[PDB]
Structure formats: C-alpha cells, structure tokens
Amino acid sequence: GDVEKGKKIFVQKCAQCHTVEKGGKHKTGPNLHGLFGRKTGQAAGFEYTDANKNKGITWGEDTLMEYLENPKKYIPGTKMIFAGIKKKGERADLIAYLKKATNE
C-alpha cells in the first residue's frame, strides 16, 4: 500500500483516538506502537475491554484488513467507536502506514 495516503487516512479517521510513536500517550484509544506481531490488548497501561483483551488474535496485515472493515463485527463488545473503512484500497494504504509508523 501507499504510506503517504495511509498517513492521511490515519489523521482523518484514527489520530483523534490513537498515537503511533514510541512512548506516545494513550488517548481515548491505546498508543499503537509495536502492534504488528502482538496479540490483542497488550499496550502497557491501557484499560481494554475484556472483549479486546480476550479476542486473542495476532495483529498483522490479514487481521487488520478484517478488523478495520467493521471493528464491532470482529470484536463484539469493543469500546472502539468506529464504523469501519469499507474500501479495500483505503484499508491497505492505512495498514502500510501503520506498519511503518508503529515500528519507527
């Protein structure tokens, strides 16, 4: 995917609730640094729902593609209030940006 387009999507749809930088603050949602290859619910010091904590999948391109299409369908009971990104291209670009930004 396109990292620059993904950053624009992230700022538009995600950044109000999430930081990506190493040591970045929790906001409404957890800091996302180090997400790739990590199980659900593992950001230190964030109070996850039992639903997010117990989902038990590993974050990566495949699981983010499914989650971000419809978060509540993938993790029923999640307190992430976000309807989803319908378009495959937009999700792919956003995920390309997250793979770069959350590993810097």
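All residue numbers refer to positions in the sequence shown, first residue = 1.
Taking the mean C-alpha B-factor of each stretch as recorded, 14-22 and 82-90 are not equal, and the higher mean is that of 82-90. For the pair 94-102 and 1-9, the record assigns the higher mean C-alpha temperature factor to 1-9.
The entry assigns its greatest Cα B factor, within the set 29, 71, 37, 45, to 45. The entry lists a Cα temperature factor for residue 54 that places it in the highest third of the chain's modelled residues.
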